[PDB]
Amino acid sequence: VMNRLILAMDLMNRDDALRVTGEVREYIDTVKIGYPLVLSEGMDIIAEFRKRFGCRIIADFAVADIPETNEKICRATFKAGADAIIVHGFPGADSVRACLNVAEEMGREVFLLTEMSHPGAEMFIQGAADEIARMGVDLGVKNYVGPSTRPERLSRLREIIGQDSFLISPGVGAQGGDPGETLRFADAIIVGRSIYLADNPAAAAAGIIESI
């Protein structure tokens, strides 16, 4: 939410991850943590970050398993302190509903990943993305993830989910997406490498904020 900028913290060691996150904390209040960091440092890193930085944590786990396993993944993730989890919609409605049920039980949120931002997304996901977004609307999903790299697709996604839904978007910077154009449709942009690989992460974050 702060500055409509979410940091994707994909460094793989705790010391560097804490250093960069602390350096840019005055610019953000929401950090997306994924498997690169969690599989290297453990799930306890989520609660550590949440406490140390007083930020919201979105666990980007691209959840994509059967219902029963998705439920277990969501339970472990919320137990670890995550405020929200990103779930793929392409595995179908039952898999998404399993995640929504756990989020309801635990007072948390599910973000539905519709279309991905990388080139390969055009092979199979893009053709199913509008229907995946419609499925989300039908299931009551209120939070979505769409691609910064294809603003016309981000626009179509926004059209399907409505103005009240919350939409975040990765692919800004390194993948080629533009901050300002992405924010014409998304509520917040996700930025990873453009900030965490910069010589001065704080200056990189400040520059993105200045550009928007």
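Note that residue numbering begins at 1 and tracks the sequence as displayed.
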property	result
Mean Cα B-factor comparison, 59-67 or 39-47, giving the higher one as deposited	39-47
Average Cα temperature factor in the PDB entry - higher stretch of 147-155, 48-56	48-56
Third of the chain, ranked by Cα B-factor, where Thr182 sits	middle
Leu11, C-alpha B-factor rank within chain (lowest, middle or highest third)	middle
Assigned third (lowest, middle, highest) for the C-alpha B factor of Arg97	lowest
Chain thirds of CA B-factor: placement of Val137	highest
Entry-reported Cα temperature factor of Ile195, expressed as the chain third it lands in	lowest
